[PDB]
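Colleague:
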Amino acid sequence: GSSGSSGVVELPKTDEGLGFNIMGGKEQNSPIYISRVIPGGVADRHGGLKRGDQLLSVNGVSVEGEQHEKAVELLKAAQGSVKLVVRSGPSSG
């Protein structure tokens, strides 16, 4: 579905956690993505974030072109609910 939203993942902000890990952050010259996912966390339950999904932007903030630290800050910046955008588009397509 070219026309529309790539796929914004809005998860409920709760101390409990999201259930997703991220590695990198313009440190090793690699894009930000989900390193590991909890088989029993909010994310897994929701159904949208999986190991590999590249983080495009969070809370309406471009992260792709920023250091890990930034990402972390954004997540905290949110309140009640966060917005994690990802790209599920096929490398070829």
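For the record, in the sequence shown the residue sitting at position 62 is 62 according to the entry's author numbering, with numbers rising by one throughout.
Yeah, the Cβ is synthetic: ideal placement off N, Cα and C, and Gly gets one too.
Which residue from 34, 24, 65 puts its Cα closest to that of residue 50?
Modeller: Your numbering for residue 50 matches position 50 in the sequence shown. Closest by alpha carbon: 34.
Colleague: Could you have a look at residue 83 and say whether DSSP puts it in helix, strand or coil?
Modeller: Working through the sequence shown from its first residue, we reach residue 83 at position 83. Note: residue 83 maps to strand in three-state DSSP.
Colleague: So the alpha helix (DSSP H) residue 74 belongs to, where does it begin and stop?
Modeller: As a working note, residue 74 is residue 74 in the sequence shown. Residue 74 -> alpha helix (DSSP H) spans 68-77.
Colleague: Which two residues bound the contiguous alpha helix (DSSP H) that contains residue 45?
Modeller: Along the sequence shown, read from residue 1 onward, the residue named residue 45 stands at position 45. Segment 42-46, the alpha helix (DSSP H) holding residue 45.
Colleague: If I follow the unbroken beta strand (DSSP E) through residue 12, where does it start and stop?
Modeller: Within the sequence shown, the letter at position 12 stands for residue 12. Taken as a continuous stretch (DSSP letters only), the beta strand (DSSP E) holding residue 12 covers 8-12.
Colleague: Based on the DSSP secondary-structure assignment, which residues constitute the bridge partners of residue 21?
Modeller: The count along the sequence shown starts at 1 and reaches residue 21 at position 21. Residue 21 pairs with 36.
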